Amino acid sequence: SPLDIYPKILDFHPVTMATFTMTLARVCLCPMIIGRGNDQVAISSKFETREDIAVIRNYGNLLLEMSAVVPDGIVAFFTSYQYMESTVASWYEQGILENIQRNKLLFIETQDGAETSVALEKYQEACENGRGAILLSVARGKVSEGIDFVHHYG
Amino acid sequence: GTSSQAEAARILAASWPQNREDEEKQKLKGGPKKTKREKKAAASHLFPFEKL
Amino acid sequence: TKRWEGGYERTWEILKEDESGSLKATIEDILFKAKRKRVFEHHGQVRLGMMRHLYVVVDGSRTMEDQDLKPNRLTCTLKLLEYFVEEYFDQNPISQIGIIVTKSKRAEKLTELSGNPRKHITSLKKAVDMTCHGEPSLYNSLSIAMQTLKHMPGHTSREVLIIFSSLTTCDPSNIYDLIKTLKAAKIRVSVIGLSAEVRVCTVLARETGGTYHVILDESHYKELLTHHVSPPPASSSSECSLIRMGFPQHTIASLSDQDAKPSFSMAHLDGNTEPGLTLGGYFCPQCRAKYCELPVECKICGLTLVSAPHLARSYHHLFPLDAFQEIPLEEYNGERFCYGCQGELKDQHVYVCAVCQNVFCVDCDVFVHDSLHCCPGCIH
Amino acid sequence: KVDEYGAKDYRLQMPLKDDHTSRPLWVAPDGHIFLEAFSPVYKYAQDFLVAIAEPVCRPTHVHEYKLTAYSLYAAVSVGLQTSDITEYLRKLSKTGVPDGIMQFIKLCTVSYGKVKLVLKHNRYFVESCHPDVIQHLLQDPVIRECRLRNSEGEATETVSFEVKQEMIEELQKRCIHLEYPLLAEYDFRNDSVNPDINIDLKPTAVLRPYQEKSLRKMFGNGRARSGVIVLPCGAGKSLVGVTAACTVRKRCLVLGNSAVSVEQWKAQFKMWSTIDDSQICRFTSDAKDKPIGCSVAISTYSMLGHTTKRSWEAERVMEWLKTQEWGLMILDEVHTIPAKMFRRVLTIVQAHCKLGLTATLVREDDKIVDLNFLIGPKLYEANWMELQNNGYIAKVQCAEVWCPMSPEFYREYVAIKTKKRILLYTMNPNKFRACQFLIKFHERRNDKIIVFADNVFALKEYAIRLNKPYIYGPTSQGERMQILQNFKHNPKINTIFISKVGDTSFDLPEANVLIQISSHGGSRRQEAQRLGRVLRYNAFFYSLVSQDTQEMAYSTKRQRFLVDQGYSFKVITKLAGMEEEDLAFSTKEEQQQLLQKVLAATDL
Amino acid sequence: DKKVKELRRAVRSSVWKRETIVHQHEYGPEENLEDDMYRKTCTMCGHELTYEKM
DNA sequence: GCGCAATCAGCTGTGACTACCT
DNA sequence: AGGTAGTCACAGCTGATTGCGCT
Ligand SMILES: [Zn+2]
Ligand SMILES: [Zn+2]
Ligand SMILES: [Zn+2]
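Residue numbers (the numbering used here), protein chains in the order written: chain A, 77 to 230; chain B, -19 to 32; chain C, 600 to 979; chain D, 239 to 842; chain E, 2 to 55.
Below, the structure is given as structure tokens:
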């Protein structure tokens, strides 16, 4: 997206400055930014609010009531493994993770290659049928770029 | 109060266009409708809240 | 180039005058052009049909509590299902409908597979006030439908319709094995979802030969149900399909005659309410059982009781009426009175049947080709 | 001419009623056409009359059209010739054309192509086939100032000369007074001087037959001429503009009214033109997506005609924009073109074809006549009744339900006259109860409701009383957008209030119920626009007025445009089940308390 | 100036309650004319009320 | 300390009400 | 004895200021 930073990050003399946006018969994607929750409180993942209970509850509610509208798999990314595990532990402590459990299966991506592969395989097989599943991972992980979520997956 | 409600209803619901329309209705057909076609046309031309 | 960037169309150039007053005659042709706006076919599609044993699966999960369709999904779904049952029995004389409700990861056969229209509507109205709990299980409903429809004769078209509201299903076993079993059993499965597209439903519909659709609104829901109303096309001659069915005469009882025997209806005896003790009704030709509704299969001897006019109403498709030869009035040398309506023939064109060589005006030709479906001259 | 009963009778003027009634048309000596709709030749007669005259009323049985000089100019602009139109009018007359129309038609049609205006190398020229007419207009004092420096002879080839660019409006106004109207024809097929662009609409956006007719009349002989196309907002209006831009195949400029209409036009172009985002630019001082070097530019009024100091970037953008030709300059909401600063906009940019689009061509101050020469002749006028008969336009059941004045308010209404009575009939308790009842009924039947209400001071207590969302107007940009976005796809909330904000072409979602209370005085444009927000009995809209007040006269005088369009306003005097449920202001205590808070303005 | 103007009238317009003057005619002693006619004159607006008393 | 969004000043459109010369 | 530039209400726009946020 920023074509002015790469030519100055490394010695470069671009002559293109070209971007392309795909078009089809219909809008194939619906990006949107969700700010404050139903409590009118921001859900920003600020370092001073990582342990805040309100933002964790808002994230849990978003993941819960979102999981009932989009079928066959949702891929969620967290900032880091520590924050991800703390958030899922907080959700487990409350009676909110169980509500998500009955809608879609919860799968967690870890550093183990074999465990990650088997989790991906079971997520794929769960999305193949109507059970549906949630794949929780990290943005800066080997699973972020190692796989592509083709149609009907995620 | 209860009397105020009745007074306000009497003032509002029958201010200008009822002191003659109600009297005309009292002096009107009274009996059954002319034809079923008239009733169908009236129902078609009436608004949804006027048919309830 | 573009079509509209060329020359501007002058539609008024059609009319012409030669005697300063001939324009009227031209508009007369327009009037003759006004009629015959139909294809002489009320349906114009499938000219035959085949018996169907359709099963309707209704979701009973919490997702039915959503208010996308006023008041909620369940109420609108059941209303449209009642309409669908009425229309389906109207357009299919010897078809059958069963109803299964999926709830709490289980499937309950709400109504047995039968041809009675009134029973299904009453069952749906009773089920309007059901409690939505748990999650649907497509596996159980499909297993029950396959188990019931496995023993049906091959000539019958076995169809299953699933109204899937929830986006998730709980499968006690692998569902693709069940899909392969259905494919081997030749069962057509069609799904009409409510929220969004689900992969399993699409795969099931594609593999079983059915159609998968997603509701946009209530009007689209009704359109999809109406599309499902139409029977599937059938081969010219498939098998030895014949079914033993009776034709009960509607004999009423009068105290003037000495053969007035009051009797309780067999169907009404099975209801919780007091059975109707009426003067008479429909008597089974085999065991003389009394029934009040048709078409209802006899509970005692197993014979099917069907009303003859319902079967005969579709006979015109078997023998469509051939189009009459349009002949101008001047070129016809004969009587100038219509054979059907006895009216004087003044139109520019006169239609003559190819069999009886009788003359029919435009109105009579349209009436014969649209409603009567039989040539009055050929009847004699 | 005779006034026996006060009616202009022309029995003796046109007796040619030979044989006998088959022609469904009547002509008037001064000018008028009456068409019988219940005729087998109705479609052909309608097509003939549309191409030659503009309608004045289209009721269900007898249409009435008017013959004007600009209508005849538009007719002769198309391939129709004088002989053809005269012989076809005589063909369908049933009474004989009076000898005051044939002379009028001949005089109007003779002087059509004598004077032409052309644009070349950022220079405006006036070319005439006959050299004599140039000397005919040479003595006119107003024209002589256009030439500089005096343009001694401007010998070319056919005599033409240059004119002052900023004084083009004056010469356009003068030429029609000189019986030599100008024509704006752009032969885009062969230019070889202008850099045509590679715009090409996708072959999936089908258009309705009336749009086909409008476009075909726009391009009659392979060239595009400036004109005005009037289509309802619910109908396809942006599609016509996109198709015209694609056919012109030149650099397009689109002008909107609001800062949100530009986004609407950009979305329409991205949807139905297959144009890369690099060429598309929006110049509204919000993102500045490099408008320099662009194919299609979209902007708004009140920005191209600034008389004050301009932004540095905006100044350079305007300087670049005023240095090249434009193809098919598209104007939106053309009805509000004749303004103090909007008129000069056409003089501040140079374009070959000027295409104006609107839904409500009616306007006060009789300035619509100026629009005939500001842009061009009224090209197409869609028939709304037949448009809604095809089912593509919602058949709105118009209602004009009035409420009596409460005794606690009529005394104050008759007591005061110095502009302080607006709030009195605006905040009528009976009208409030009627509005609340309608809101509750249409929420129970689940219909989207839009409540228009000017005089936002009253709208405050009108909306907070029911605790419902409203748009003050000077709130913000995000709040209004999010409210309108969640209004459509939300079952919990299905009713909104708008205060004069929705009186333009916006992206309001589909609604079935519109309730207008206390609008402007005689703004037929405003009421027509409000009605246009509903159609797209599928729907129906109500207008609430207070009896024995000026609002009755305002409602009577503002609905004449719609009854000309063919709509009928049923009068509702009683509301069924008004006392069935409880409504606000049930007792007299709060009604008389309302007097203090409604007189608490005291704007002195 | 604007922020003081927006509040200076809030207390100004909250004081007055009755704007319309009481029009109740307080007629004084009746004046007797011929034919048993009695006239009453309002002491507030000068309204004259002539009536026949049985 | 810098950068983005909220806020106001000034100008204009639309429609209607009002005080002095042919 | 009968008609139009200021004035008011309510919206729009763009041209600056101007306090608010910080892994
Ligand atoms: Zn039997
Ligand atoms: Zn006949
Ligand atoms: Zn025959």
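Positions of the beta carbon are idealized from the N, C-alpha and C atoms, including for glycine.
Look at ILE814 (chain C): its C-beta is not under 9 Å from any C-beta on chain A. According to the DSSP assignment, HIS25 (chain B) belongs to the alpha helix (DSSP H) that extends over 16 to 25. In the structure shown, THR811 (chain D) adopts coil according to DSSP, grouped into three states. Distance from the C-beta of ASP969 (chain C) to the nearest heavy atom of ligand 2 is not below 8 Å. According to the DSSP assignment, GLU292 (chain D) belongs to the beta strand (DSSP E) that extends over 292 to 295. Straight through space, the alpha carbons of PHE675 (chain D) and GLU27 (chain E) are spaced by roughly 45 Å. The C-beta of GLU563 (chain D) has 16 or more other C-beta atoms within 10 Å across all chains shown, which makes the residue buried. Burial state of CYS346 (chain D) is buried, judged by a 10 Å Cβ sphere holding 16 or more other Cβ atoms. Taking a Cβ-Cβ cut-off of 8 Å, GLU664 (chain C) has no neighbours in chain A, whose nearest Cβ is about 11 Å from it. The nearest non-hydrogen atom of ligand 2 is less than 8 Å from the C-beta of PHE959 (chain C). The criterion of a C-beta distance shorter than 9 Å is not satisfied by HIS719 (chain C) and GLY659 (chain C). By DSSP's assignment, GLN754 (chain D) forms a beta bridge with D:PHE690, D:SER781. Placement of the Cβ of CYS900 (chain C) at a distance of less than 8 Å from at least one heavy atom of ligand 1 is found. Taking 7 Å as the cut-off between beta carbons, the residues of the stretch 4 to 31 of chain E near chain D are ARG10, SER14, in sequence order.
When DSSP states are grouped into helix, strand and coil, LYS84 (chain A) belongs to the helix group. According to the DSSP assignment, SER772 (chain C) belongs to no beta strand (DSSP E), since it is labelled neither H nor E. Its chain contains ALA118, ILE119 as the residues whose beta carbon lies nearer than 8 Å to that of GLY111 (chain A), once the 5 sequence neighbours on both sides are disregarded; these appear in chain order.
For the stretch 650 to 677 of chain D, there are no residues whose beta carbon sits under 8 Å from a beta carbon of chain A. Residues lining ligand 3 by the Cβ criterion, that is a Cβ closer than 5 Å to any of its heavy atoms, are C:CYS952, C:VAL954, C:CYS955, C:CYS974, C:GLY976, C:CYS977 in chain order.
Only residues of its own chain outside the window of five on either side were considered, and among them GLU400 have a CB closer than 7 Å to the CB of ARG361 (chain D), listed in chain order.
Taking 9 Å as the threshold, the shortest C-beta distance from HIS228 (chain A) to chain C falls below it. For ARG520 (chain D), the three-state secondary structure derived from DSSP is strand. Under the 9 Å criterion on CB atoms, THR442 (chain D) is classed as interfacial with respect to chain A. Judged by their CB atoms, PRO147 (chain A) and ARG798 (chain C) are nearer to each other than the 9 Å cut-off.
Relative to the non-hydrogen atoms of ligand 1, the Cβ of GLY845 (chain C) comes within a distance shorter than 8 Å of at least one. By the C-beta criterion, the stretch 701 to 710 of chain D is judged not to be in contact with the stretch 764 to 776 of chain D, since fewer than 3 inter-stretch pairs fall below 8 Å. Not a single unbroken stretch of the beta strand (DSSP E) spanning 3 or more residues falls wholly within the stretch 639 to 670 of chain D. When secondary structure is reduced to three states using DSSP, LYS726 (chain D) falls in the helix class. Chain-order list of chain E residues neighbouring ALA838 (chain D): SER14, by C-beta distance under 7 Å. No Cβ-Cβ contact shorter than 9 Å links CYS471 (chain D) with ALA620 (chain D). Under the Cβ distance rule, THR598 (chain D) does not count among the residues neighbouring chain A, no pair being separated by less than 9 Å. Look at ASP820 (chain D): its C-beta is not under 9 Å from any C-beta on chain A. Interface with chain D (9 Å Cβ-Cβ cutoff): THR610 (chain C) is included. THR807 (chain C) carries a helical assignment under DSSP once its states are collapsed to helix, strand and coil.
Interface with chain D (9 Å Cβ-Cβ cutoff): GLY808 (chain C) is excluded. If you draw a 10 Å sphere on the C-beta of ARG463 (chain D), you find 16 or more other C-beta atoms in it, and that means buried.
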